[PDB]
Every structure is written in structure tokens, then in C-alpha cells.
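There are 4 protein chains.
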Amino acid sequence: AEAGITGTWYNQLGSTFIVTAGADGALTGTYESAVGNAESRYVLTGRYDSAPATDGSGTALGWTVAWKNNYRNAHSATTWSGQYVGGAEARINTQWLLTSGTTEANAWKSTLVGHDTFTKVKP
Amino acid sequence: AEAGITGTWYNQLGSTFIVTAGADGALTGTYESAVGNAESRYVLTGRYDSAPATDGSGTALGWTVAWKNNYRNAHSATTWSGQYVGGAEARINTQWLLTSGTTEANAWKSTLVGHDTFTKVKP
Amino acid sequence: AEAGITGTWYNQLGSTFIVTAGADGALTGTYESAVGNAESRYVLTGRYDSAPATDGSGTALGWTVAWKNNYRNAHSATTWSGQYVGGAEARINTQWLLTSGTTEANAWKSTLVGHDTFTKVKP
Amino acid sequence: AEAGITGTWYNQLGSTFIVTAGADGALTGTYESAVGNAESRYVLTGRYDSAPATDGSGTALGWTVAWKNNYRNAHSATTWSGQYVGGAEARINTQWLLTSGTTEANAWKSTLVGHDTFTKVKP
Ligand SMILES: O=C1N[C@H]2NC(=O)N[C@H]2N1
Ligand SMILES: O=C1N[C@H]2NC(=O)N[C@H]2N1
Ligand SMILES: O=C1N[C@H]2NC(=O)N[C@H]2N1
Ligand SMILES: O=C1N[C@H]2NC(=O)N[C@H]2N1
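Quick mapping for you: the protein sequence lines, in order, are chains W, R, A and C.
Just so you know, the first sequence maps onto residues 13 to 135 in the authors' numbering.
Just so you know, the second sequence maps onto residues 13 to 135 in the authors' numbering.
Just so you know, the third sequence maps onto residues 13 to 135 in the authors' numbering.
Just so you know, the fourth sequence maps onto residues 13 to 135 in the authors' numbering.
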């Protein structure tokens with residue numbers, strides 16, 4: 013976990029995120045998306061539960077990125093929830109929620125759901 | 013947004029979270045759950061997209077909490093994705109993902125999904 | 013369950029669905045939405061798990077509706093997954109997935125997620 | 013679509029489902045899971061939106077399976093929402109919701125979410 017988490021990861025879409033897992037459960041870094049209404053790097057902050065594991069389980073973790081930087085303001089934020097698995101072929105398997113700011117009338121369709129798998133190798 | 017977000021919020025289950033929305037999109041605070049394998053307060057970090065809004069839209073935001081503190085280690089993390097609506101009856105409407113650390117064999121059932129609505133009044 | 017499920021239900025948005033729970037786990041009926049790219053009634057088919065319950069649990073069930081009829085073809089389908097609770101104030105609590113037909117390029121944003129609560133009374 | 017949908021499909025976990033897409037949007041068949049609290053075949057019913065597509069889009073569809081047959085009664089149901097893509101390497105990409113019957117107290121953790129990809133070849 014923690015050490016194993018620190019570094020650069022890439023997913024199936026071609027996004028990249030560089031994160032640092034600090035000693036007490038914090039995750040800090042940047043996310044650069046390949047698709048969407050995103051452009052350049054965005055700031056990401058999150059948490060992981062280590063003290064994870066005498067039965068080779070993954071470490072649970074999650075992070076958030078608001079799609080606003082000095083080039084684009086997409087009026088939305090995405091949160092990724094999943095677990096890290098270390099080893100030869102370490103990966104982070106997640107499911108994500110992307111919510112857009114809407115009017116109360118279209119709030120019912122404000123969130124998209126999907127999944128991403130990240131590897132230390134691209135892809 | 014930001015100012016409107018800062019403060020104490022409560023949801024339908026009885027949880028409470030106190031957050032501070034910093035000038036550049038950061039959310040920091042603590043979460044105390046009423047249900048679950050949680051006990052006391054946990055640290056939460058997240059982000060919001062303001063610069064939100066000439067058509068009364070909500071501000072998109074999200075946060076993460078790892079369920080580990082000095083009393084309990086649940087080996088899991090939850091991320092909430094949603095939007096803030098200010099006004100007389102301001103609220104944050106979210107959908108959440110709770111992932112548990114599992115073995116590769118039970119990873120397919122590692123995540124629960126649900127929804128929570130927070131108000132400045134309880135509830 | 014089954015008997016208790018048969019009838020007309022209404023949700024928070026104002027949609028209505030009339031369903032018949034057949035003896036062996038089948039659900040058949042029509043759905044009329046209030047929001048969306050829907051217009052009139054659409055056909056719905058689904059299943060429930062009864063033989064549900066010596067500890068007052070809800071009955072698990074789910075259904076699907078494709079948003080095509082003789083007035084509109086929205087190129088999408090929604091599935092609702094949840095449980096029925098009977099009693100004075102019986103209700104069906106669900107979470108739903110709405111998927112739209114897209115090109116491989118926008119498949120990552122093809123699904124919206126949300127939740128609906130149905131009562132025998134409107135609302 | 014429809015014709016292309018009819019047949020036997022397999023997913024990443026090793027489950028199999030045989031379905032028949034009828035002329036007017038109905039899907040009928042059986043599902044046999046490889047993981048879970050399932051054993052043998054279960055009945056599945058659902059719908060698809062064809063009249064799908066001058067821009068090579070997928071056809072939206074969804075189905076439900078209640079995990080009860082003459083060998084097991086898991087007190088739960090799963091709904092799959094996604095789209096079919098035909099061609100050399102045709103597939104159905106979905107996201108699913110699995111809800112279990114619980115007491116009102118544990119209803120907040122009654123649903124798991126995940127994703128499955130089905131191919132005509134295993135896997
Ligand atoms: O990397 C990305 N994954 C997907 N989810 C999301 O929020 N934007 C897309 N980009
Ligand atoms: O406040 C809470 N909401 C629910 N989601 C979650 O992660 N734990 C439960 N507690
Ligand atoms: O009744 C409805 N609920 C929402 N989900 C959906 O698919 N369309 C909307 N209509
Ligand atoms: O085929 C399966 N996919 C997963 N989702 C589900 O409901 N059970 C598991 N089996």
C-alpha cells in the first residue's frame with residue numbers, strides 16, 4: 013500500500029494521475045484526463061485505509077478531482093472509489109461518479125457512473 | 013458555494029460532517045457516521061468546482077473518508093459525489109460509493125452504492 | 013410481496029407504473045415517465061425474489077423499460093434494482109441505471125445513475 | 013441489434029446467459045452465474061431499444077434476474093443496464109446493480125454495483 017501507491021498510474025482511456033500516499037492516509041497529486049471537458053492537469057486529494065492484510069486483500073482508497081483549472085471550468089467533479097492491489101502487476105480498480113452542476117429540474121440526470129482500471133504501465 | 017458550504021451538515025442517517033471550503037477548491041474536515049463499522053470522527057478531504065452560475069445551478073463537489081481512526085479500522089473508504097444548492101433550504105445531494113478491501117476473488121462484490129442528502133438542520 | 017406489489021405506484025418525480033406480480037417471480041406492466049425523453053407509456057418486464065422473511069426484510073426485485081413506443085424513440089433503456097417493503101406505508105426503494113446508445117468514443121459517459129422511491133399514494 | 017443479440021454470451025467471471033431478442037423489444041432467456049449465491053440457471057426477462065443508428069452507436073438494453081430457482085433462494089435480484097455493439101467482435105458492455113432483501117436498518121447497504129462485459133466467445 014502507501015509506498016506501492018505513490019507514483020504514476022495510467023488507465024484504459026489514457027488518463028494519467030501522479031499521486032503521493034502520505035504516512036497517515038492522505039493521497040495528494042494531479043490528474044490529467046484524455047477525454048471529457050478537461051484540459052491539462054487538475055488537482056486531486058483523497059484518502060486510503062492502510063493499515064490494510066494477512067490474506068492478500070487490496071487496500072481501499074478514493075479521491076476527488078473538480079474539473080476546473082486555468083484553462084477550463086467544466087462545472088463538474090468526479091470521485092473514484094476502489095482498491096489498490098500490489099505485486100508484479102499492481103493496479104487500482106475503481107468505479108467513479110461524475111456529477112455536473114444543474115438546475116433542480118435536471119438534477120435527476122446530474123450524475124454519470126463508470127469504471128477505470130489503472131496500471132503503472134500504460135496501459 | 014464555498015462560504016455556503018462551510019459549516020456543519022447532517023444527513024438522513026444521522027451522520028455529521030463539518031467542512032471548510034477553502035478559496036481554491038479544497039474541502040477539509042471530519043465525518044462522524046451513525047451507521048456502519050465506524051466509530052468517532054474520521055478525516056475527510058475533497059474538492060468543489062466553483063467557480064460555479066447565472067441559472068441558479070448547484071456547485072459540483074465530492075469528498076473521501078477512509079474508515080480508519082484510533083478506535084476502528086474497517087478496511088474501507090467511501091467517496092461522495094454531488095452538488096451543493098444554497099438558499100433558505102440549502103442542501104448537498106449526493107450518491108456514494110463504499111469500497112472494501114477484498115481478495116481478488118471477492119472484488120466483484122467489493123463496492124456498495126447509495127445516496128445521502130445533507131441539510132444544515134438535522135435533518 | 014407479490015400481491016402487495018401488484019397495483020399502481022408513483023415516485024418523487026411524478027412517474028407512474030402499474031405492475032402485476034405473477035406467482036412465479038415475474039413482473040409485467042407499463043411505465044409512464046414525467047421527466048426525460050419519454051412520452052406516454054412504455055412496456056416494463058422484470059422479476060422479484062419471493063419467496064422472500066421471518067425478520068421483516070424487504071423483497072428484492074428489479075425491472076427494465078426501453079424508452080421506445082409509437083411516439084418516441086429515445087435510444088435508451090433504464091433498469092431499476094431495489095426492494096419492496098409492505099405494511100401501512102409500503103414502498104419500493106430503488107437505485108436505477110439509464111444507459112444511452114453511443115459511439116464507442118462516448119461509451120464512457122453512456123450511463124446515468126439515480127434513485128427513486130415509489131409509494132401507493134402519490135407521492 | 014435483435015438478431016445480433018440472440019444467442020449465447022459469456023462474461024469475464026465465467027457466467028453465461030442465453031437470450032432471445034423478440035421483434036418488439038423483449039429479451040427472454042436464462043442466466044447461469046459462476047460466482048455468488050447462485051446455483052444452476054435462473055430466468056431473465058428484459059427489454060432493448062432498437063429501433064436503434066446511422067452513426068455506428070450501440071443499442072441500449074437491460075435485463076433482470078431474481079436469484080431464486082429450485083436449488084437456491086438467495087433473496088436478491090440483479091439488473092444489468094448497457095448497450096450491445098455488433099460487428100466482428102460484438103459485445104454487450106454493462107454496469108449492474110445487485111440488491112439484497114434487508115431490514116430497514118440495513119437497507120443503506122443493500123445494493124452492490126459492478127460491471128460486466130459479455131462476448132460471444134468465452135471470454
Ligand atoms: O480519466 C477519466 N476517467 C473518466 N471519468 C471522468 O470523470 N472523466 C473521464 N476521464
Ligand atoms: O453517513 C453515512 N452514509 C453511508 N455511506 C457510508 O459510507 N457509510 C454510511 N454512513
Ligand atoms: O421515472 C423516472 N425516473 C428516472 N429514471 C429514468 O430512467 N428516467 C427518469 N424517470
Ligand atoms: O455474472 C455475474 N455477474 C455478477 N453480478 C451479479 O449479480 N452476480 C455476479 N454474477
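We put the CB at the ideal spot given by N, CA and C, even for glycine.
Flag this pair as yes or no: are the beta carbons of residue i and residue j separated by less than 9 Å?
i, j, result
"residue 6(R)", "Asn23(R)", "Nothing in the structure corresponds to residue 6(R), since chain R is present only between 13 and 135."
"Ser88(R)", "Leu56(R)", "no"
"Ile17(C)", "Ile104(C)", "yes"
"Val133(W)", "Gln107(W)", "no"
"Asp61(A)", "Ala46(C)", "no"
"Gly34(C)", "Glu51(C)", "no"
"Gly19(C)", "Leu39(C)", "no"
Count the other C-beta atoms from every protein chain shown that fall within 10 angstroms of the C-beta of residue i, then say buried if there are 16 or more, exposed otherwise.
i, result
"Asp36(W)", "exposed"
"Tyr54(R)", "buried"
"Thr32(A)", "exposed"
"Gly99(R)", "exposed"
"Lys80(C)", "buried"
"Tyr43(A)", "buried"
"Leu25(W)", "exposed"
"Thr123(A)", "buried"
"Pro64(W)", "buried"
"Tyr83(W)", "exposed"
By DSSP's criteria, residue i is part of a beta bridge. Which residues make up the other side?
i, result
"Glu101(W)", "In the DSSP output, where bridge partners are listed per residue, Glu101(W) has none listed."
"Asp128(W)", "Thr106(W)"
"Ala38(R)", "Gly34(R) and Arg59(R)"
"residue 168(W)", "The structure shown does not extend to residue 168(W), since chain W is modelled only from 13 to 135, so the question has no answer here."
"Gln24(C)", "For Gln24(C), which the question treats as bridged, DSSP gives no partner whatsoever."
"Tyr43(C)", "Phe29(C) and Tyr54(C)"
"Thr90(R)", "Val77(R) and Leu110(R)"
"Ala72(R)", "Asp61(R) and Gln95(R)"
"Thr123(A)", "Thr111(A)"
"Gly19(R)", "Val31(R)"
"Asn85(A)", "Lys80(A)"
| request: Evaluate the contact criterion for the segment 112-119 of chain R versus the segment 69-88 of chain W: three or more CB pairs, one atom per stretch, below 8 Å. | output: Judged by Cβ distances under 8 Å, the segment 112-119 of chain R makes contact with the segment 69-88 of chain W, as three or more pairs qualify.
| Interfacial residues, the segment 48-69 of chain W to chain R, with Cβ spacing under 8 Å | Those would be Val55, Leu56, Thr57, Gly58, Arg59, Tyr60, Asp61, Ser62, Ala63, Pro64, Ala65, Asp67, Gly68 and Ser69, in chain order.
| request: Say whether the segment 72-92 of chain C touches the segment 81-95 of chain A, bearing in mind that this needs 3 or more beta-carbon pairs closer than 8 Å, one atom from each stretch. | output: Because the criterion of three Cβ pairs below 8 Å is met, the segment 72-92 of chain C and the segment 81-95 of chain A touch.
| field | Contact set between the segment 98-109 of chain C and chain W, restricted to residues whose Cβ is under 7 Å from the partner | value | Considering only beta carbons, the part of the segment 98-109 of chain C lying closer than 7 Å to chain W consists of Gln107, in chain order.
| query | Which of the residues in the segment 115-131 of chain R, read from start to end, lie with their CB under 7 Å from any CB of chain C? | reply | Cβ contacts with chain C come from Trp120, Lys121, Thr123, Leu124, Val125 and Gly126.
| field | Contact list for the segment 75-90 of chain W against chain R, Cβ threshold 9 Å | value | From the segment 75-90 of chain W, only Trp75, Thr76, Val77, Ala78, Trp79, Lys80, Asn85, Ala86, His87, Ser88, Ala89 and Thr90 have a Cβ closer than 9 Å to chain R.
| In the segment 19-43 of chain R, which residues sit with their C-beta less than 7 Å from some C-beta in chain W, listed in chain order? | Those residues of the segment 19-43 of chain R that come within reach of chain W (Cβ to Cβ, closer than 7 Å) are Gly37 and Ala38.
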